[PDB]
Structure formats: C-alpha cells, structure tokens
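Novice: Mind having a look at this structure? Questions to follow.
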Amino acid sequence: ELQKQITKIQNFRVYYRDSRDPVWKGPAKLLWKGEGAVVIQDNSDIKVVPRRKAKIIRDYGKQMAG
Amino acid sequence: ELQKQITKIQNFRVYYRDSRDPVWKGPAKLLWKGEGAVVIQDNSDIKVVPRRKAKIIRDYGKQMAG
Amino acid sequence: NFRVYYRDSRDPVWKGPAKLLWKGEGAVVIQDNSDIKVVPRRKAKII
Amino acid sequence: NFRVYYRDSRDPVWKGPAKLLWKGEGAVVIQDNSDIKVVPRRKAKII
Amino acid sequence: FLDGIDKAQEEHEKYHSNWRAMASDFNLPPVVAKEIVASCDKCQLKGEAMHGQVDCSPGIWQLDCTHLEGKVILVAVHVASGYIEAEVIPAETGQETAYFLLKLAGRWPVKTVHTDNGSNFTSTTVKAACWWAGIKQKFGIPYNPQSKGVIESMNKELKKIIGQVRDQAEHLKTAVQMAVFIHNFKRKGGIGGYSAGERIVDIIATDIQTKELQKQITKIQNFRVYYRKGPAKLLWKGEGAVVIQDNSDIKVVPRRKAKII
Amino acid sequence: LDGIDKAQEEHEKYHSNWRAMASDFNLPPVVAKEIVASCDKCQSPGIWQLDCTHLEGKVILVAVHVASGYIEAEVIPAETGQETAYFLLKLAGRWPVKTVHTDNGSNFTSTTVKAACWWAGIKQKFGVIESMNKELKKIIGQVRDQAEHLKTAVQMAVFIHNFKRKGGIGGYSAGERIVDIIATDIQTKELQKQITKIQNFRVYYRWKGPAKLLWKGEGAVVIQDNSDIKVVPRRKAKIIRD
Amino acid sequence: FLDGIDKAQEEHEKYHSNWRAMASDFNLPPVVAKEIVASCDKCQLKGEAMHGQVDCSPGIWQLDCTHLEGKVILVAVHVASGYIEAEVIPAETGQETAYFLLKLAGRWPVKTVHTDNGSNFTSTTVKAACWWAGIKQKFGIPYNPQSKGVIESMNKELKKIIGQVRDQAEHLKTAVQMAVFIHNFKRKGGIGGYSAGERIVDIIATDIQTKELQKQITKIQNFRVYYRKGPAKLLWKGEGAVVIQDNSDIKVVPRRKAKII
Amino acid sequence: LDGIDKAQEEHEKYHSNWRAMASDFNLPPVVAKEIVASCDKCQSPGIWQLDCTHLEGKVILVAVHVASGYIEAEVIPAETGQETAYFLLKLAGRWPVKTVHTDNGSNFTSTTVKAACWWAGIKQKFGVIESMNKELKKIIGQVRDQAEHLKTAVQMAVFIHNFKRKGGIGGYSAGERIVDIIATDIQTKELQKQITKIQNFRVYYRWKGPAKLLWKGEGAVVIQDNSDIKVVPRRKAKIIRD
DNA sequence: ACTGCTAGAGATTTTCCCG
DNA sequence: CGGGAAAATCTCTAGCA
DNA sequence: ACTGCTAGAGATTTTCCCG
DNA sequence: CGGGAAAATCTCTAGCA
Ligand SMILES: C[C@@H]1CCO[C@H]2Cn3cc(C(=O)NCc4ccc(F)cc4F)c(=O)c(O)c3C(=O)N12
Ligand SMILES: C[C@@H]1CCO[C@H]2Cn3cc(C(=O)NCc4ccc(F)cc4F)c(=O)c(O)c3C(=O)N12
Ligand SMILES: [Mg+2]
Ligand SMILES: [Mg+2]
Ligand SMILES: [Mg+2]
Ligand SMILES: [Mg+2]
Ligand SMILES: [Zn+2]
Ligand SMILES: [Zn+2]
C-alpha cells in the first residue's frame, strides 16, 4: 500500500545546487517533495533543497537498464 | 670562497608558473640561473623553469626580519 | 545598519552609500535618496 | 599530419582545414592556401 | 599606532592607499588599515565576486528576442530541460510577443516567464495575454542579461546551429525551425544524457507523478512527531533521521529525541 | 533475481506484461521483457493526424496527436504547400513526429511538404480529426469575443482544449496524456536500445554451449539457455562478442 | 554497428548531431561517433579551452595607448613588477611613441617591447628608435588583446585611480601623473607585499646580483659529470640530485649513477 | 644565535657594521643592528638635484640623483612653474623622491612647484649638477647629428649617460648604481619598520625585570637586559605590549 | 523584493577486463 | 590483484551584444 | 614562429596565543 | 593540547573596448 509509494518516490533522481556553487550536484535520491522544498539523500547525507534549485527526473534510460 | 656564493644564490626567492596553470607558485629557492632556464627547489622538489616564466626577487622585507 | 555602494545598471560610476532594505541570494534592494533600487550583488558592496 | 580549424582574428566564421606548421604553448602557425597565419590556441582546433 | 592613524588618514585623503600600503607604512594593524580604507567613499569601487543562480522550477520559461540577417527571432527556453521554441517574427512588438506566448502556453504548461525589459515584453498586450493564460511575469534587474543567462546561451547555441544548417534552407524561418528541431532532438547530453525534448518530457512527467504519489502518501501517512518542542507533521523517516515540518519550517532531526505518535 | 521463477509463474497465470513484473518482483526490464517474450500464447505515440478547417473565411491548420487527442493549431494565410510544410517543420521540431495522416489534397501532397517530411524523417499516409475539429470550433466560438483577431481565439481554444478540458479514465488533460504517452515511448525506445546492445553477445558458463546475455550486473549474470533463464556468478562465466 | 555508421553519416549530413546523439541512436561506440563528428567541417566551431601565459622576463615591457576625456594616454608596464609609466600624448602617432620609448629606455633597462599592431607602434619611427636603443619589438597576434593582458589590466587600474584623484587636479595630464605615482608607490600587494616601485627595484637588483654570483661560481666551479652518457657540465648538486647541462639540455638526475670528475 | 658573543667580539675589534655581522655569523638584522648600536665609539638615496640648462635656444630641465649620478632630463617649452611642477610630479611618480635641491630661481620657488612638492611629499632646499650638466651637453653634442629635433638628442644623451658610460669602483652605470642604492634603501626602511614594530614590547624571562624584545623565532627569543643581549627559550618567557 | 549559462575540448580520475 | 583501456568526471572557454 | 591579467571582496584553511 | 583570533591563502569578478 504505502511502502510501494515511498520506494517509488525513492526511484526519482534529483539534481540540485547550493547557495554559492555553480556546479550541479550529482543525482541524489528523492525522499519527500513539497510545494517549495525537496528533501533528498545525497551520499548518505540528508539535505533539504529549495524547489527552485532542484531538477527532478526519473532517468528513463537508467531505469530500463535496471 | 665558493660555498658563500652557493648559499647567497640560495637566499633568492623564485616565483614561477607551469605550462597550463595560471596561478603563480609560491616562493621556491634559487639553485642555478642561466640565460634561459632557472633551476629551483619547490618543497624538496627540484624543478627546472623557463626564464620567461620565473620572477626572481630577494623579499627585502623577509630578509630584514630574518 | 549597512551602507551599500553599487554600480547602477549601465552607468560605470559607483554610487552610494545607500541603505540596505533587503538582501537576497544574488541581489539586494537599496534606498538612495528616496529611490528604491534592485542591484545585483555583483554590482554592489555592503559595509 | 594535422588539420587545423581556426577563428581568424575578427571574423566570427570558422575557417579550415589548414596545415599545422608549428605548435607552441599558446599559439599555432598554420598554412591555409599559401597564407601563413599565427592563431591563438583559444581560436583554433587541431585534429 | 594611535599617532599613525592620523597620518594614514591624511595620506589616504591624497593617494587613496590600499590597506596594505597604509599598514606597511604607518605601522598599523591590518584591521585598522582596512577600517581606514573602508570609510572612504572614493574607494568603494568593486562589487562582490560571485554569481547568483537563476530559478529552475519546472514551470519557468525564459524569453528573449535576438537578431539574425535583419530579422527578429523570438526565442523561449524551458529552464529546467533546455527545450527551446523559436520563431522568426516580423517585429519586436507586443502583439507578436503576446501571440507567441499564447501559443507556447497552449502547448506546454507555463507558470512563470522571465524576460528583460524590452518594450515587446513590457507591453500591456503581453500582460493581458499572460493574465488570460495565468502566467506570472518576472522582470530581471534592468540591464542584467545574467538574470537570463539560460535564454542568452540558448541564443548563442540556436545561432550556431542556424549557421550550420543555413545552406539547407531558402528562407531564414526554415533554417530557424530546422535549428529548433536539431537542438531539441539531435543533441544529447546534460543530466540524463538526454535530448532537450526527452528531458522536458521527463521533467513534466516526473512532476505529475511525484505530486500524485505525495498526495497519496500524505492522505495515508498521518502522524504527529514531538522532538527535543511541540507537535510536528512527519514528512519522511529512515536510517536514523526524521525530517519533519513544524510551523512551515522543515528540519531534519536524528531518530533519537524524536517520538512519533 | 531470486523471484525469476515467481515471475515466470505469474506470467503463466495472468499473461501480464513485462512492466508488471519489473514493478512487482524487482527485475531488470530486459529480463522481464524476456519472460514475457517466451510465451507465444501471450502475443501510436508518433502518429499525428492533420487536416485543414475553414472559419470566418480563414483556414485553420489542425494537427491532432491521436493517441492522446492533444491538438496543435494555427491560422495560416493560405492552403498552400509552403504553409503546410512550415507547419509540419514546426510540429516535428517540438514533438517527436513519426507519421502524418492527411486527406487527399494539394497542400498535403506537395513536393515542398514532401521535402519537409523527408528532411524531418516523417512518413506520410493518405474520424478523429473531424470530431476534434468540431470541438476546436466549439471552443473558438466560446471564446471568440475575448479576442479581436481570429488567430488569438484559435490559440485560446488550443489552450483550453489542451489544458482546461478534462476527461477519460482519471480525468487528465490532453497535455497530461501526451506527456505520459511520450514518456512511455522514451522508456520503450530505451529498453529497445538495451536489448539491441546486449543481443550481440554470447555467454559461456560453468563449458556449456552459447547462451544469450540478458542482464549483466555486479555479482551476477542473467542469461538464457534452451528457453530457460538462469543466473550464474560472474567469476564462473565468460562473455564474448558475436 | 557497421550498418549504423552509414545511417549515422546520412543523418549527421542533415542535423549535424553531436557524438552522444549518434551513439545513443545508431548504437555506435563512443569512439566511432566521435570520429563521425570529427570529420565534418561544419562542426569544427570551437577552440581550445585554455589560456596562454605571457612572457615575464625582467627586461620586457608591454606598451599600449588608451583614451580618456578625448586625450590619448600612452602607457607602459614592466611585466615582472607591475611598474607603470604613462603620459598624456597629443596624438597616437609614431613620433610621439618613439619619443616616449626613447625616454623609457633611458630610464630603465628595456630589452623587448610587446605591443599590438596599432599604427603608432608599427611605425618606422618607433622601429628606428627601438633600433637605436637596442630594443626588440614583439607584436602579438592581430586583434588578440589577451597577448597584452598585463598592459590592458593596467589600463583598467590606471583609469580607476585617475577617476579617484581627478578632482585633485585641473588638467588630465596632472591627474595621470598622480595616478602613476599612486600606483607605483601607494599600493602594496603581490608577490612580496611590495609596491610596484619597490618590486621593480628588487627585480632589477636581483637580476644584476644573481648574474654576477653565477659568473663567479662558473669561473670557480669547473667540473665534468658522467651519468648513466658522455660528459656534462655540472650546474648545481645537493640532497641526492645533480642538475647537469649536456648539449644545451638541462636535466636533473639522482646522485646515484652520476660521477663527478 | 650561538655566535652572538663572537659578533660582539668582532664589533669590538674592527667596528664593522650590522650588515657584516648578518652576512657573516648568520644573525637576524635586528640583533646585528642592536650589537652595532650598543657601542657609542662606533657612532641620500632620495635627494635629487634640479637645475635648468639652455641649449640652442631651448631649456633643458635636468634632475640628478646625487648618490648615484643618475640623470633624468627633458626639454621643456618654457622655464615656468607649470613645467617645473609637471617635471617634478613625473619624477616622483617614478623614483622615490624625498628632497629636491634647487637654486634661487622663479620656476623652482613657485606656488605651483610648491603645491606639487606638497602633494608628493617632497621637501625643497634652496657642484654636482654643474659638472653633470657639462657631461650631458657633451653627449648631446656627440649625438646631435643622429636626431633632428633637440629633444631626441637630449633623450639619447640621457640613455648614453645612464647606461652606456661606466666608471667608479667596479665600473657600473648610473642605472646600476641607483638601482643598488634604492635597493639598499628599501632594505633600510624595512629594518626600520621591524625595529619600530618590536620596540613596543617588553619581555619577562626566567621573573626578571622588563627586557627589550629584539628577535622572536620558532624556539628562541633574543632579548636585551642591562645592555647584554641574551637568548632564552620561548616556553620560559612571556611577551607583553607596552 | 533576486540571482550566469551552455556545450564542447582536452585533462584527470574512476571504472572495468581479463590474465 | 594490476596494468591497459575505456568511460566518466573535471576544467575551462566564447558568446550570448 | 606565441601565449590573459590584476587587484579587491568574501570564504576557507593555516598559524598563533596562551591557558 | 585546544579553542579563539588573526593571518594567510583561496576563489572569483570586471574591465581592459
Ligand atoms: C532593449 C532590451 C532591454 C534592455 O537592454 C537591452 C539591451 N540588451 C543587451 C544584451 C547583451 O548585452 N547580451 C550580452 C551578454 C553579456 C553577458 C551575459 F551574461 C549575457 C549576455 F547575453 C541582450 O542580450 C539583450 O536581450 C538586450 C535587450 O533585449 N535589451
Ligand atoms: C588599432 C589598434 C590595433 C588593432 O586592434 C585595435 C583595436 N583594440 C581593441 C582593444 C580591446 O578590445 N580591449 C578589451 C579587452 C578584451 C579582452 C582582453 F583580454 C583584454 C582587453 F583589453 C584594445 O585594448 C586595444 O589596445 C585595441 C588597439 O589598440 N587597436
Ligand atoms: Mg532582450
Ligand atoms: Mg539577450
Ligand atoms: Mg592598443
Ligand atoms: Mg589595449
Ligand atoms: Zn579612499
Ligand atoms: Zn557536422
């Protein structure tokens, strides 16, 4: 029921940036999504990210390669 | 006689750069000087440097602070 | 409070000091002689 | 040998291929239709 | 150095010496020298050495006009994917800009538009069109093309492809449409090795999908968490950490000192 | 991996598709696709439909993505091949257009339209478009008074149709539906790429004969021998190219 | 993929696809896709992403002209120290440039000059003046101000100080001379926390001193070294390393496998 | 450090200066300067001399750095205070000019020259210049034919004097000599800065009374107590500001 | 109260393929 | 486990005018 | 065969001063 | 040995037009 939803949210990849770094930080792992903040998992490090800074995709592609 | 000359050459500080790095590398230590190449000591690492890339000074103020 | 010094949009001359009204990531909002202005942090200095 | 492709001094259009005659740190010397030219490595590509 | 500051002040009133010169010469501490330079209006001449970051929410487009061979090309980019839409228009007028935007918003979901302050964009026509199709208009800082860096770089790229294909077409508008096709489907790279077309489809589908999934989770998962403080809604929990949202303030706390009810 | 036998049993009970196995028992999509392709008893996103419509003495070019009902329309100065070709070139640079279905007409059967189709890699073929033109005209009448010129009303009707009208299974817009359909299509093309990549290899395990490579992972290699998918450790297998 | 290359070629002949698009689509190896892009002349559109390094030998000056309030300011910088000399001249002519250079070379030791290709610099007058005072003229690549980055940045800095002091002077030439004084003696930083004036004095004195010391060492220290090869002059030795110069090729070798005679 | 007593003996035998000790027995310059300053029995780079010269009906402004004999000259349109002031402002922005010695004249005793001297921090004072003007004129005559206008011959003579004529102790040019003199002067000002920095401290060691801080290093602190320089370990001493 | 970015070209550092 | 080879990642630039 | 650089403004990381 | 404070070092930008 619910754990399926949690893990499916979990399959979504999050690219994001921080305040002063122009480089986009590698795919994290989507944990929660709100109207303005995204909560991710970047190398066993949970960060919260402003929505305006996070590009969220699935990577159709990585997914079909498993 | 001669060792005085060697150590005096040794007191001279060499700033220098390498082929693709725009940053000037901190004061090395002048070992030999020729018409086109300079031989220095940069952190127990002997390098040869094109003259056109090496600025050589004494640091009059380091010298008078000993 | 803070003084703000800032290049205006096109003019090359630096103006100021102005009051800081707001500071964001990337831009500031300043008041210089009853004239609210929004300057990039690249074109401004806060003391 | 190498082909060289290069922005000329002011013209925005890329020219080439030309022969490599010399390569330095920072610049190259090229021949394009009996016309020796000295181009910055920023404005040139060697294949 | 109480005596030197007066000498360092009169001197700076003439030469405007950087803090290092005054510290060396008048034997002042670095903080005092910096304080002398810091209070001279005639020395505040340089801004901060950083760059901002433009918004990349899945609903924001950057629009600009650009010129090529006497014609005006109107260009949009979807910021998150790099997906472009362009069109040779006959005039940088508000009528031709409002019609272009009405077409964009009827094709893709457009929430905010970000442009400079050129007249075609600051029109009442573009404003009533954005109003009709619920679009929010952001205007960057005047004469700050950096605020629209995405669309400006896309101008660069669009014109590069147009130069590559121009000989395959008679008229410029055909070259422009071919370049839009080429950028959208024939160039792969970026975050998921994608083309801009695939990437925008992913960004839009992901947005739909995750919003749905979360509506479902929050309809099912109903809990209140007390930590350290008062009650706080539970967002997600796992691996010895419990992200909560209290009083519209998201925070991550360790699993200890946090009880779920 | 461990549930491959369970997935095989599942397919022999309900004839479900590979996506179901991949979502349920956690299998790489190539392995699920192989399981669903092993049973003979168990055996669109790029087609657009084009047509012209006339309204108040002006011609509207209408293109409908049939799989979704998503519509792209504009007013054109004249029913010419130049205008049909410019429309088509705009459409293909914005949505992946593989096939266009048109009626027997002049604009659509023109060397310039043919040249645009050839440059963009679009195949041509000569009651959906009729009904959805009717609905387009209905919305154009519903909003005509909100715009002076006809092209603004046409684009306002396009907007309303693609995003303000809702129906079907779960009530989605045509924009929602086309995005999901194109996303499924990108998934499909990616899985086809992965298959076309791996099917050029053979595997030797424990040696036994040749065996088709399906999936290749960190500490396992899923293969196929005599119509029977089997997992072997990587160190005990050798992969070659043929 | 032998079959796909033909399809990837005909396609690139139309869309000019980057290597990633063709590799993804036509299932080609990355090397083969890159080879397809690499042979299309219509895709060679970008140069190398580096920068050269200008010469900094103690005898090279960079000269440029610059404009301020209708007047022409002729500027020189000593590249190694940042020491500037400037002057409001009445015309960017060869006569006023040759006279300026004759004065510079009579004040400081000037070996090479590096300028752009403006007419005042490519004159026969500037050439005969450089010839009279044994100066070598380098001309950078045409329309490459990067080759003269030092003097160009010094133009920036000179004009900034001129703006700071302009109100203290009536005429521009006075403002210019004050700005030269201020940059040369009232701004400290760089390699030895120096002002440009002190730094140039150090660079010139060091050059004299070390050339002398080495003439003396090489007059005294006379040895031939055999390593691994033939004889080789010994330059310096110490700490398990013996830098030698064989056939005009300096090399550092470890102390082992190297005998001094 | 260990040779401080040897340096003290050396100064009592030959009255040599601090630079000799610092170069010989390896001592920080403040400590050598202290040793040389402890014996009472053992007790220019910025002065320029200006004058005008007349040649072929034109006035040459000549400035000679007296310590070296290095010359800076140009032709000026007129013997005015504006031209003398512009000359002076150019000279001080290029060489460290502290004091100018001029004859009793108009150009040199002008409010504009005075204002230029005040802005640049130059003190004014009203047979070197005469002899070196003679030599300047000699070179100007030697090279006059190699240049049409007089100012080119004046700058060619400046060049020759500053760099092609050689004499004195070891045969140096005026440019060589002024560079060495200014370099010695920068050394001198730096050692004065270090003294003026350290003399605002007192040291307590082993406690004993106050003691002047001389040098402060990594594992030692050289001080002075009762006119006797002494070295103490850092851990056994405490430095304060007074 | 708002904000540089992009895509290619060489260089460097991970990742992999089989003895 | 170890080089060699390939791929991924990093570094940096022009143009957008 | 020739070549981006400089100086200031915030940020980060060493170095130091004494318990 | 250890924080706190200071200094040195690093990072990055505009203008040179
Ligand atoms: C009259 C409208 C409104 C008011 O201002 C003008 C002038 N302008 C100038 C540039 C420009 O200078 N691009 C070069 C650039 C430099 C740096 C960077 F980060 C990005 C860049 F594009 C534009 O692009 C642009 O669209 C306009 C324009 O539209 N207008
Ligand atoms: C007629 C002479 C000879 C032939 O070319 C022209 C035109 N020119 C143009 C610039 C210029 O564009 N500076 C901006 C800049 C940009 C980048 C950078 F790295 C350094 C920079 F200074 C000059 O500075 C300059 O002196 C000249 C000049 O003298 N001439
Ligand atoms: Mg614009
Ligand atoms: Mg623009
Ligand atoms: Mg120039
Ligand atoms: Mg210039
Ligand atoms: Zn100031
Ligand atoms: Zn191509």
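Swiss-Prot numbering applies to chain H: residues 1149-1191, 1204-1286, 1296-1375, 1382-1417, in that order.
We read in the header that electron microscopy, 2.8 Å was used to get this structure.
Every residue gets a Cβ built from N, Cα and C, even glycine.
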Novice: Of the residues H:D1188, H:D1211, H:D1354, only one is listed by Swiss-Prot in the Mg(2+) 3 site with H:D1263, H:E1299. Which is it?
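Specialist: Between H:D1188, H:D1211, H:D1354, Swiss-Prot records just one in the Mg(2+) 3 site with H:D1263, H:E1299, namely H:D1211.
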Novice: So the entry has no coordinates for 6 residues flanked by H:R1375 and H:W1382. How far apart are their C-alpha atoms in Å?
Specialist: 5
Novice: If you count Cβ atoms within 10 Å of each one, which of the binding-site residues H:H1159, H:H1163 comes out on top?
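Specialist: Max Cβ neighbours within 10 Å, all protein chains included: H:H1159.
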Novice: Tell me the coarse DSSP state (helix, strand, coil) of H:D1211 (Mg(2+) 3 binding site).
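Specialist: Note: H:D1211 (Mg(2+) 3 binding site) is in a strand by DSSP.
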Novice: How many whole Å apart are the CA atoms of H:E1299 (Mg(2+) 3 binding site) and H:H1159 (Zn(2+) binding site)?
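Specialist: That separation, Cα to Cα, works out to 41 Å.
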Novice: Can you grab the distance between C-alpha atoms at H:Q1191 and H:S1204 for me, in Å and as a whole number, given the 12 missing residues?
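Specialist: A straight Cα-Cα distance of 18 Å links the two sides of the gap.
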Novice: Taking the Cβ of each of the binding-site residues and counting other Cβ atoms inside 10 Å, which one has the highest number: H:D1211, H:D1263, H:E1299?
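Specialist: By the 10 Å Cβ neighbour count, H:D1211 comes out on top.
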Novice: Rounded to a whole angstrom, give the Cα distance between H:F1286 and H:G1296, which sit at either end of 9 unmodelled residues.
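Specialist: Between the Cα atoms flanking the 9-residue gap there are 14 Å.
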Novice: Please list, in sequence order, the residues in the chain of H:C1187 (Zn(2+) binding site) that are at least six apart in sequence and whose C-beta is under 8 Å away from its C-beta.
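Specialist: Spatial neighbours, sequence-distant, of H:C1187 (Zn(2+) binding site): H:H1159, H:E1160, H:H1163.
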Novice: Rounded to an integer, what is the Cα-Cα distance in Å between H:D1263 (Mg(2+) 3 binding site) and H:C1190 (Zn(2+) binding site)?
Specialist: 36
Novice: At the level of the C-alpha atoms, what whole-angstrom distance separates H:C1190 (Zn(2+) binding site) and H:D1211 (Mg(2+) 3 binding site)?
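Specialist: Here the two Cα atoms lie 37 Å apart.
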Novice: CB neighbours of H:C1190 (Zn(2+) binding site) within 10 A?
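Specialist: Result for H:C1190 (Zn(2+) binding site): 14 neighbouring Cβ atoms inside 10 Å.
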Novice: Reduced to three states, what secondary structure does DSSP give H:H1163 (Zn(2+) binding site)?
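Specialist: SS state of H:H1163 (Zn(2+) binding site) = coil.
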Novice: Give the sequence-ordered set of same-chain residues, not counting H:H1159, H:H1163, H:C1187, H:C1190, with Cβ within 8 Å of the centre of the Cβ atoms defining the Zn(2+) site.
Specialist: H:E1160, H:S1164, H:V1184, H:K1189
